[PDB]
C-alpha cells in the first residue's frame, strides 16, 4: 500500500525541499507523453501533425526540457505583485506628469517625431505579443511555456501604455492624426518597413526552436534597442521626460525576457550541435534585423550612431550567451 509522499512524486527525491515555483510550474504539459499521438484523438488530425512537426522534430534538442527553470522563478501570484507595483509607478507618472502639463511643453518637431516614431509602435508591440504567445503554445515544457506566458502579458502591457499615451497625445494635439494615422505609418513609412518585414516573417517561423530564436534572440533585442533604448534617450534629450522614463520602465521587462532566454540557451548548450543549430537560425535572421535597425534609426536625428549602438548592443545580447 503506497504511503504518502513528502511532495509531488515527480519532484520526490531532490531534497532542497521544492519551491512554490517548482510545485506549480513543472512537468505540466501532457501532449509530450506520446510523441506519436500527442492528443487524445485520431493521430492524423492537423493539430497532431503540427505538433509532431514543430515541437517534436525541432532540431533544437534536449533529453529532458522539463528540467528548465525560469531564473526569475515567476509564478502568476508573483507576476501580478511585481507588475502591479511597476504599473503603480507608471500610472503614477502618467497621472502626475499630466497634472504638470508635460505634453504641452513638447515642441512641434518632437510632437511630429512621436507620431512617426513612437505611436505606430502599437503594431510592432502587438506583433511581439502574438509572437511570444505562439512560443507559449508550441514549446516542449510547461516551464518554458510559462516564461512565454508572462512575456506575452508584458507585450500587451507595452501595447497598452502606447495605446494610452496615444490618446493623451491626441487630446493635446488633435490635428496631428494620433491614433488615426498609425496603420499607414506602420504600413508605408520607410523607417518602419525594416521592422515590419522582420516581424511579419518571423511570425510564420513555426518551429518552436526557431520561433524562440527568431523572436526572443534576434527581433526583440533589435526592437528593444531601437524603440526603447534609442528613442528613449532621444526623447530625454528632447524634453520628453515621460517617454524617456516610460521606455526605461519597459526596458525592465525586456531584461527579464533576456534573462530567461539566456537560461534556455545555457541549457540548450548542454548538448552537442545545438549551438550550431542556434547560430544557423540567428545567421538567417540577423540580416533582417540589421535591415530593421537601419531603416528606423537612420531616420532619427543622429542616425548613423543609433544604428551603430543598437547594432552592437543587440549583438551583445547574444554574444554573452555564446
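Residue numbers count along the first chain shown, from 1.
- Remark: stretch with higher mean C-alpha B factor among 108-116 and 124-132 is 108-116.
- The stretch with the higher mean CA B factor, choosing between 271-279 and 35-43, is 271-279.
- Highest CA B-factor among the listed residues (151, 189, 238, 197): 238.
- As recorded in the PDB entry, 291 shows the highest C-alpha B-factor of the residues 257, 69, 29, 291.
- Among all modelled residues in its chain, residue 210 ranks in the lowest third by Cα B-factor.
- Among the modelled residues of its chain, residue 95 has a C-alpha B-factor that falls in the middle third according to the deposited record.
- In this PDB entry, residue 300 carries a Cα temperature factor that places it within the highest third of its chain's modelled residues.
- Sorting the modelled residues of the chain by their CA temperature factor places residue 87 in the highest third.
- Residue 12: CA B factor lies in the highest third for its chain, per the PDB record.
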